[PDB]
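**Q** Please find structure_16.cif (mmCIF, C-alpha atoms; chains and numbers go by the auth columns) on the next line:
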```
data_structure
#
loop_
_atom_site.group_PDB
_atom_site.id
_atom_site.type_symbol
_atom_site.label_atom_id
_atom_site.label_comp_id
_atom_site.label_asym_id
_atom_site.label_seq_id
_atom_site.Cartn_x
_atom_site.Cartn_y
_atom_site.Cartn_z
_atom_site.B_iso_or_equiv
_atom_site.auth_seq_id
_atom_site.auth_asym_id
ATOM 1 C CA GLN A 1 15.227 -29.841 -2.658 0.00 1 K
ATOM 2 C CA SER A 2 13.472 -27.486 -0.209 0.00 2 K
ATOM 3 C CA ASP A 3 13.653 -23.796 -1.151 0.00 3 K
ATOM 4 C CA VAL A 4 10.808 -22.274 -3.179 0.00 4 K
ATOM 5 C CA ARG A 5 11.287 -18.700 -4.424 0.00 5 K
ATOM 6 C CA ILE A 6 8.124 -16.587 -4.077 0.00 6 K
ATOM 7 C CA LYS A 7 7.777 -12.962 -5.216 0.00 7 K
ATOM 8 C CA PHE A 8 5.399 -10.821 -3.130 0.00 8 K
ATOM 9 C CA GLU A 9 4.115 -7.368 -4.137 0.00 9 K
ATOM 10 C CA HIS A 10 2.388 -4.758 -1.960 0.00 10 K
ATOM 11 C CA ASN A 11 1.568 -1.217 -3.139 0.00 11 K
ATOM 12 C CA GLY A 12 4.149 -1.607 -5.916 0.00 12 K
ATOM 13 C CA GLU A 13 6.822 -2.789 -3.455 0.00 13 K
ATOM 14 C CA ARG A 14 8.260 -6.188 -4.438 0.00 14 K
ATOM 15 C CA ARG A 15 10.067 -8.619 -2.119 0.00 15 K
ATOM 16 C CA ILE A 16 11.897 -11.942 -2.537 0.00 16 K
ATOM 17 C CA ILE A 17 11.107 -14.645 0.043 0.00 17 K
ATOM 18 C CA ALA A 18 12.224 -18.294 0.149 0.00 18 K
ATOM 19 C CA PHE A 19 10.200 -21.153 1.667 0.00 19 K
ATOM 20 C CA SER A 20 11.698 -24.552 2.542 0.00 20 K
ATOM 21 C CA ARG A 21 9.507 -27.450 1.367 0.00 21 K
ATOM 22 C CA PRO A 22 7.027 -28.610 2.222 0.00 22 K
ATOM 23 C CA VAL A 23 5.510 -25.133 1.788 0.00 23 K
ATOM 24 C CA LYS A 24 2.444 -24.809 4.034 0.00 24 K
ATOM 25 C CA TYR A 25 -0.216 -22.094 3.675 0.00 25 K
ATOM 26 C CA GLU A 26 -0.215 -21.617 7.466 0.00 26 K
ATOM 27 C CA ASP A 27 3.531 -20.912 7.514 0.00 27 K
ATOM 28 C CA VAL A 28 3.324 -18.568 4.525 0.00 28 K
ATOM 29 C CA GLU A 29 0.114 -16.824 5.636 0.00 29 K
ATOM 30 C CA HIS A 30 1.346 -16.448 9.227 0.00 30 K
ATOM 31 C CA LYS A 31 4.498 -14.751 7.908 0.00 31 K
ATOM 32 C CA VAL A 32 2.587 -12.355 5.634 0.00 32 K
ATOM 33 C CA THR A 33 0.065 -11.523 8.366 0.00 33 K
ATOM 34 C CA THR A 34 2.875 -10.798 10.863 0.00 34 K
ATOM 35 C CA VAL A 35 4.995 -8.731 8.440 0.00 35 K
ATOM 36 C CA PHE A 36 2.070 -6.542 7.322 0.00 36 K
ATOM 37 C CA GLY A 37 0.226 -6.861 10.640 0.00 37 K
ATOM 38 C CA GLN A 38 -3.111 -7.578 8.919 0.00 38 K
ATOM 39 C CA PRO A 39 -5.068 -10.559 7.464 0.00 39 K
ATOM 40 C CA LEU A 40 -4.114 -10.151 3.794 0.00 40 K
ATOM 41 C CA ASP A 41 -5.599 -12.384 1.078 0.00 41 K
ATOM 42 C CA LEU A 42 -3.432 -14.141 -1.531 0.00 42 K
ATOM 43 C CA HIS A 43 -4.592 -14.135 -5.168 0.00 43 K
ATOM 44 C CA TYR A 44 -3.041 -16.630 -7.595 0.00 44 K
ATOM 45 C CA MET A 45 -3.245 -15.298 -11.162 0.00 45 K
ATOM 46 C CA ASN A 46 -2.202 -17.725 -13.911 0.00 46 K
ATOM 47 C CA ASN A 47 -2.710 -15.527 -16.989 0.00 47 K
ATOM 48 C CA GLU A 48 -6.323 -15.716 -18.177 0.00 48 K
ATOM 49 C CA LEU A 49 -8.053 -16.753 -14.919 0.00 49 K
ATOM 50 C CA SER A 50 -7.666 -15.701 -11.267 0.00 50 K
ATOM 51 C CA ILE A 51 -7.678 -18.110 -8.306 0.00 51 K
ATOM 52 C CA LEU A 52 -8.273 -17.070 -4.675 0.00 52 K
ATOM 53 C CA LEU A 53 -6.323 -18.738 -1.853 0.00 53 K
ATOM 54 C CA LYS A 54 -8.851 -19.801 0.795 0.00 54 K
ATOM 55 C CA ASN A 55 -7.359 -23.125 1.951 0.00 55 K
ATOM 56 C CA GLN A 56 -4.391 -25.478 1.454 0.00 56 K
ATOM 57 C CA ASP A 57 -6.285 -27.120 -1.433 0.00 57 K
ATOM 58 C CA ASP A 58 -5.893 -23.908 -3.465 0.00 58 K
ATOM 59 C CA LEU A 59 -2.172 -23.644 -2.678 0.00 59 K
ATOM 60 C CA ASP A 60 -1.597 -27.360 -3.314 0.00 60 K
ATOM 61 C CA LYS A 61 -3.179 -27.093 -6.771 0.00 61 K
ATOM 62 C CA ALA A 62 -1.157 -23.956 -7.579 0.00 62 K
ATOM 63 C CA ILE A 63 2.164 -25.513 -6.517 0.00 63 K
ATOM 64 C CA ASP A 64 1.395 -28.783 -8.331 0.00 64 K
ATOM 65 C CA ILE A 65 0.836 -26.940 -11.628 0.00 65 K
ATOM 66 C CA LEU A 66 3.798 -24.593 -11.094 0.00 66 K
ATOM 67 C CA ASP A 67 6.191 -27.492 -10.408 0.00 67 K
ATOM 68 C CA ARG A 68 4.864 -29.319 -13.491 0.00 68 K
ATOM 69 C CA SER A 69 5.768 -26.304 -15.643 0.00 69 K
ATOM 70 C CA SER A 70 9.565 -26.284 -16.051 0.00 70 K
ATOM 71 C CA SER A 71 9.304 -22.852 -17.726 0.00 71 K
ATOM 72 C CA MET A 72 7.885 -21.325 -14.531 0.00 72 K
ATOM 73 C CA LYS A 73 10.241 -20.502 -11.640 0.00 73 K
ATOM 74 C CA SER A 74 8.920 -17.911 -9.164 0.00 74 K
ATOM 75 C CA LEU A 75 5.386 -17.560 -7.765 0.00 75 K
ATOM 76 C CA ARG A 76 3.156 -14.602 -8.672 0.00 76 K
ATOM 77 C CA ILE A 77 0.962 -13.685 -5.688 0.00 77 K
ATOM 78 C CA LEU A 78 -0.953 -10.437 -5.094 0.00 78 K
ATOM 79 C CA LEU A 79 -1.411 -9.202 -1.515 0.00 79 K
ATOM 80 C CA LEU A 80 -4.693 -7.447 -0.656 0.00 80 K
ATOM 81 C CA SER A 81 -6.082 -6.003 2.592 0.00 81 K
ATOM 82 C CA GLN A 82 -9.372 -7.894 2.951 0.00 82 K
ATOM 83 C CA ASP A 83 -10.076 -8.037 6.693 0.00 83 K
ATOM 84 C CA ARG A 84 -13.643 -9.379 7.074 0.00 84 K
ATOM 85 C CA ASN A 85 -15.924 -8.836 4.060 0.00 85 K
ATOM 86 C CA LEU A 86 -19.200 -7.655 5.649 0.00 86 K
ATOM 87 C CA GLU A 87 -21.265 -9.614 8.193 0.00 87 K
ATOM 88 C CA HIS A 88 -22.548 -12.627 6.232 0.00 88 K
ATOM 89 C CA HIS A 89 -21.698 -16.096 4.873 0.00 89 K
ATOM 90 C CA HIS A 90 -20.493 -16.699 1.304 0.00 90 K
ATOM 91 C CA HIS A 91 -20.582 -20.390 0.343 0.00 91 K
ATOM 92 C CA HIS A 92 -20.886 -21.897 -3.154 0.00 92 K
ATOM 93 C CA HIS A 93 -20.915 -25.666 -3.762 0.00 93 K
#
```
Can you give me the file's structure in the form of structure tokens?

**A**
Amino acid sequence: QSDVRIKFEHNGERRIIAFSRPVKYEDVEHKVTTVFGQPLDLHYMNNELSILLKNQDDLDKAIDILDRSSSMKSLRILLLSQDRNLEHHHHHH
């Protein structure tokens, strides 16, 4: 019970990667950053709305909903090259 199947896509190139539970954002992010060699951002798109992965809270919510949905199987994540977005602070709460 520890092998999540995640599908990553970069510039049209798709790849199949498995992650043994518990799946941590640090482990996943560290792998993506090393493979591509850059701080890429993960975007979780459900269908109608888009969620940005900033912390574990975002990933935890995404996995919780995905697991709840028996219909769903793989994870749809979009990789983007967003290394430092200008010199400022963006906080909303």

**Q** Check what the PyMOL selection byres ((chain K and resi 45-55) around 10) selects in the file above and give those residues as a PDB file with C-alpha atoms, keeping the file's coordinate frame.

**A**
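Output contents, as saved in out-v5.pdb:
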```pdb
ATOM      1  CA  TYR K  25      -0.216 -22.094   3.675  1.00  0.00           C
ATOM      2  CA  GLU K  26      -0.215 -21.617   7.466  1.00  0.00           C
ATOM      3  CA  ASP K  41      -5.599 -12.384   1.078  1.00  0.00           C
ATOM      4  CA  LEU K  42      -3.432 -14.141  -1.531  1.00  0.00           C
ATOM      5  CA  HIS K  43      -4.592 -14.135  -5.168  1.00  0.00           C
ATOM      6  CA  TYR K  44      -3.041 -16.630  -7.595  1.00  0.00           C
ATOM      7  CA  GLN K  56      -4.391 -25.478   1.454  1.00  0.00           C
ATOM      8  CA  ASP K  57      -6.285 -27.120  -1.433  1.00  0.00           C
ATOM      9  CA  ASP K  58      -5.893 -23.908  -3.465  1.00  0.00           C
ATOM     10  CA  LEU K  59      -2.172 -23.644  -2.678  1.00  0.00           C
ATOM     11  CA  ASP K  60      -1.597 -27.360  -3.314  1.00  0.00           C
ATOM     12  CA  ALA K  62      -1.157 -23.956  -7.579  1.00  0.00           C
ATOM     13  CA  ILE K  65       0.836 -26.940 -11.628  1.00  0.00           C
ATOM     14  CA  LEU K  66       3.798 -24.593 -11.094  1.00  0.00           C
ATOM     15  CA  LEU K  75       5.386 -17.560  -7.765  1.00  0.00           C
ATOM     16  CA  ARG K  76       3.156 -14.602  -8.672  1.00  0.00           C
ATOM     17  CA  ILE K  77       0.962 -13.685  -5.688  1.00  0.00           C
ATOM     18  CA  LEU K  78      -0.953 -10.437  -5.094  1.00  0.00           C
TER      19      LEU K  78
END
```

**Q** So which residues touch residue K:6 within 10 Å, counting all atoms listed in the file, skipping near sequence neighbours fewer than 4 positions away, as a PyMOL selection string?

**A** chain K and resi 15-19+73-77

**Q** Identify which of the residues K:71, K:23, K:36, K:79 lies closest to residue K:11, counting only C-alpha atoms when measuring atom-to-atom distances.

**A**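 Of K:71, K:23, K:36, K:79, the one nearest residue K:11 is K:79, counting only C-alpha atoms.
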
**Q** Choose the residue, out of K:86, K:80, K:27, K:61, that has the smallest atom-to-atom separation from residue K:12; count all atoms listed in the file.

**A**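 Among the listed residues, K:80 lies closest to residue K:12.
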
**Q** Please compute the atom CA of residue K:69-atom CA of residue K:29 distance, one decimal, in Å.

**A**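 Between atom CA of residue K:69 and atom CA of residue K:29 the gap is 24.0 Å.
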
**Q** In Å to one decimal, how far is atom CA of residue K:22 from atom CA of residue K:1?

**A**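 For atom CA of residue K:1 relative to atom CA of residue K:22, the distance reads 9.6 Å.
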
**Q** Might you pull out every residue within 12 Å of residue K:35, with all atoms listed in the file counted and same-chain residues fewer than 2 positions away left off, and present them as a list in words?

**A**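 Contacts, in chain order: residues 8, 10, 15, 17, 28, 29, 30, 31, 32, 33, 37, 38, 39, 40 and 79 of chain K.
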
**Q** Work out how far atom CA of residue K:4 is from atom CA of residue K:67, in Å to one decimal.

**A**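 Calculated distance between atom CA of residue K:67 and atom CA of residue K:4 is 10.0 Å.
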
**Q** For residue K:2, which residue among K:21, K:14, K:92, K:87 is the nearest when counting all atoms listed in the file?

**A**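 Looking at the shortest contact to residue K:2, the residue is K:21.
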
**Q** Generate the missing atoms of stretch 69-93 of chain K up to N, CA, C and O atoms and report them as a PDB file, in the frame of the given file.

**A**
```pdb
ATOM      1  N   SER K  69       5.282 -27.186 -14.588  1.00  0.00           N
ATOM      2  CA  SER K  69       5.768 -26.304 -15.643  1.00  0.00           C
ATOM      3  C   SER K  69       7.231 -25.926 -15.411  1.00  0.00           C
ATOM      4  O   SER K  69       7.536 -25.078 -14.570  1.00  0.00           O
ATOM      5  N   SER K  70       8.130 -26.557 -16.167  1.00  0.00           N
ATOM      6  CA  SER K  70       9.565 -26.284 -16.051  1.00  0.00           C
ATOM      7  C   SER K  70       9.883 -24.824 -16.396  1.00  0.00           C
ATOM      8  O   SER K  70      10.817 -24.241 -15.844  1.00  0.00           O
ATOM      9  N   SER K  71       9.102 -24.242 -17.312  1.00  0.00           N
ATOM     10  CA  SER K  71       9.304 -22.852 -17.726  1.00  0.00           C
ATOM     11  C   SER K  71       9.155 -21.902 -16.538  1.00  0.00           C
ATOM     12  O   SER K  71       9.940 -20.966 -16.381  1.00  0.00           O
ATOM     13  N   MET K  72       8.142 -22.152 -15.710  1.00  0.00           N
ATOM     14  CA  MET K  72       7.885 -21.325 -14.531  1.00  0.00           C
ATOM     15  C   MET K  72       8.985 -21.503 -13.482  1.00  0.00           C
ATOM     16  O   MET K  72       9.607 -22.564 -13.398  1.00  0.00           O
ATOM     17  N   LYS K  73       9.217 -20.460 -12.684  1.00  0.00           N
ATOM     18  CA  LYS K  73      10.241 -20.502 -11.640  1.00  0.00           C
ATOM     19  C   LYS K  73       9.722 -19.903 -10.331  1.00  0.00           C
ATOM     20  O   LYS K  73       9.598 -20.604  -9.325  1.00  0.00           O
ATOM     21  N   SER K  74       9.423 -18.602 -10.351  1.00  0.00           N
ATOM     22  CA  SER K  74       8.920 -17.911  -9.164  1.00  0.00           C
ATOM     23  C   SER K  74       7.394 -18.000  -9.083  1.00  0.00           C
ATOM     24  O   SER K  74       6.743 -18.486 -10.008  1.00  0.00           O
ATOM     25  N   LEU K  75       6.832 -17.530  -7.967  1.00  0.00           N
ATOM     26  CA  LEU K  75       5.386 -17.560  -7.765  1.00  0.00           C
ATOM     27  C   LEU K  75       4.805 -16.148  -7.741  1.00  0.00           C
ATOM     28  O   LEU K  75       5.248 -15.297  -6.967  1.00  0.00           O
ATOM     29  N   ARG K  76       3.807 -15.908  -8.594  1.00  0.00           N
ATOM     30  CA  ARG K  76       3.156 -14.602  -8.672  1.00  0.00           C
ATOM     31  C   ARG K  76       1.932 -14.552  -7.757  1.00  0.00           C
ATOM     32  O   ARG K  76       0.905 -15.169  -8.045  1.00  0.00           O
ATOM     33  N   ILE K  77       2.053 -13.816  -6.651  1.00  0.00           N
ATOM     34  CA  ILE K  77       0.962 -13.685  -5.688  1.00  0.00           C
ATOM     35  C   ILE K  77       0.700 -12.215  -5.358  1.00  0.00           C
ATOM     36  O   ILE K  77       1.632 -11.461  -5.074  1.00  0.00           O
ATOM     37  N   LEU K  78      -0.572 -11.816  -5.394  1.00  0.00           N
ATOM     38  CA  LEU K  78      -0.953 -10.437  -5.094  1.00  0.00           C
ATOM     39  C   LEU K  78      -1.523 -10.330  -3.681  1.00  0.00           C
ATOM     40  O   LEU K  78      -2.439 -11.068  -3.314  1.00  0.00           O
ATOM     41  N   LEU K  79      -0.970  -9.408  -2.894  1.00  0.00           N
ATOM     42  CA  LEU K  79      -1.411  -9.202  -1.515  1.00  0.00           C
ATOM     43  C   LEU K  79      -2.470  -8.101  -1.435  1.00  0.00           C
ATOM     44  O   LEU K  79      -2.263  -6.993  -1.936  1.00  0.00           O
ATOM     45  N   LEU K  80      -3.603  -8.412  -0.801  1.00  0.00           N
ATOM     46  CA  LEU K  80      -4.693  -7.447  -0.656  1.00  0.00           C
ATOM     47  C   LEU K  80      -5.209  -7.401   0.782  1.00  0.00           C
ATOM     48  O   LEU K  80      -5.285  -8.427   1.459  1.00  0.00           O
ATOM     49  N   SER K  81      -5.567  -6.200   1.237  1.00  0.00           N
ATOM     50  CA  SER K  81      -6.082  -6.003   2.592  1.00  0.00           C
ATOM     51  C   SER K  81      -7.589  -6.256   2.647  1.00  0.00           C
ATOM     52  O   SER K  81      -8.390  -5.331   2.497  1.00  0.00           O
ATOM     53  N   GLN K  82      -7.965  -7.514   2.868  1.00  0.00           N
ATOM     54  CA  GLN K  82      -9.372  -7.894   2.951  1.00  0.00           C
ATOM     55  C   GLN K  82      -9.685  -8.478   4.328  1.00  0.00           C
ATOM     56  O   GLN K  82      -9.814  -9.694   4.486  1.00  0.00           O
ATOM     57  N   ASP K  83      -9.793  -7.604   5.327  1.00  0.00           N
ATOM     58  CA  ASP K  83     -10.076  -8.037   6.693  1.00  0.00           C
ATOM     59  C   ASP K  83     -11.581  -8.034   6.979  1.00  0.00           C
ATOM     60  O   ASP K  83     -12.158  -7.001   7.324  1.00  0.00           O
ATOM     61  N   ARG K  84     -12.204  -9.210   6.835  1.00  0.00           N
ATOM     62  CA  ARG K  84     -13.643  -9.379   7.074  1.00  0.00           C
ATOM     63  C   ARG K  84     -14.476  -8.640   6.026  1.00  0.00           C
ATOM     64  O   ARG K  84     -14.561  -7.409   6.039  1.00  0.00           O
ATOM     65  N   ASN K  85     -15.092  -9.405   5.119  1.00  0.00           N
ATOM     66  CA  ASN K  85     -15.924  -8.836   4.060  1.00  0.00           C
ATOM     67  C   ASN K  85     -17.401  -8.836   4.463  1.00  0.00           C
ATOM     68  O   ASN K  85     -18.147  -9.755   4.117  1.00  0.00           O
ATOM     69  N   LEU K  86     -17.812  -7.796   5.193  1.00  0.00           N
ATOM     70  CA  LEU K  86     -19.200  -7.655   5.649  1.00  0.00           C
ATOM     71  C   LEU K  86     -19.593  -8.773   6.621  1.00  0.00           C
ATOM     72  O   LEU K  86     -18.856  -9.744   6.802  1.00  0.00           O
ATOM     73  N   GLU K  87     -20.765  -8.623   7.242  1.00  0.00           N
ATOM     74  CA  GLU K  87     -21.265  -9.614   8.193  1.00  0.00           C
ATOM     75  C   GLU K  87     -22.254 -10.568   7.518  1.00  0.00           C
ATOM     76  O   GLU K  87     -23.467 -10.343   7.540  1.00  0.00           O
ATOM     77  N   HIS K  88     -21.723 -11.632   6.917  1.00  0.00           N
ATOM     78  CA  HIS K  88     -22.548 -12.627   6.232  1.00  0.00           C
ATOM     79  C   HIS K  88     -21.732 -13.882   5.903  1.00  0.00           C
ATOM     80  O   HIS K  88     -20.550 -13.969   6.243  1.00  0.00           O
ATOM     81  N   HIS K  89     -22.369 -14.851   5.244  1.00  0.00           N
ATOM     82  CA  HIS K  89     -21.698 -16.096   4.873  1.00  0.00           C
ATOM     83  C   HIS K  89     -21.751 -16.315   3.362  1.00  0.00           C
ATOM     84  O   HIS K  89     -22.832 -16.339   2.769  1.00  0.00           O
ATOM     85  N   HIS K  90     -20.579 -16.479   2.747  1.00  0.00           N
ATOM     86  CA  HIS K  90     -20.493 -16.699   1.304  1.00  0.00           C
ATOM     87  C   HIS K  90     -19.992 -18.110   0.998  1.00  0.00           C
ATOM     88  O   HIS K  90     -18.792 -18.381   1.070  1.00  0.00           O
ATOM     89  N   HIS K  91     -20.922 -19.005   0.661  1.00  0.00           N
ATOM     90  CA  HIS K  91     -20.582 -20.390   0.343  1.00  0.00           C
ATOM     91  C   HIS K  91     -21.212 -20.820  -0.982  1.00  0.00           C
ATOM     92  O   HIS K  91     -22.403 -20.600  -1.212  1.00  0.00           O
ATOM     93  N   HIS K  92     -20.407 -21.435  -1.851  1.00  0.00           N
ATOM     94  CA  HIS K  92     -20.886 -21.897  -3.154  1.00  0.00           C
ATOM     95  C   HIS K  92     -20.369 -23.304  -3.456  1.00  0.00           C
ATOM     96  O   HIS K  92     -19.168 -23.501  -3.659  1.00  0.00           O
ATOM     97  N   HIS K  93     -21.280 -24.276  -3.483  1.00  0.00           N
ATOM     98  CA  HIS K  93     -20.915 -25.666  -3.762  1.00  0.00           C
ATOM     99  C   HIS K  93     -22.123 -26.464  -4.252  1.00  0.00           C
ATOM    100  O   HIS K  93     -23.233 -26.251  -3.715  1.00  0.00           O
TER     101      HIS K  93
END
```
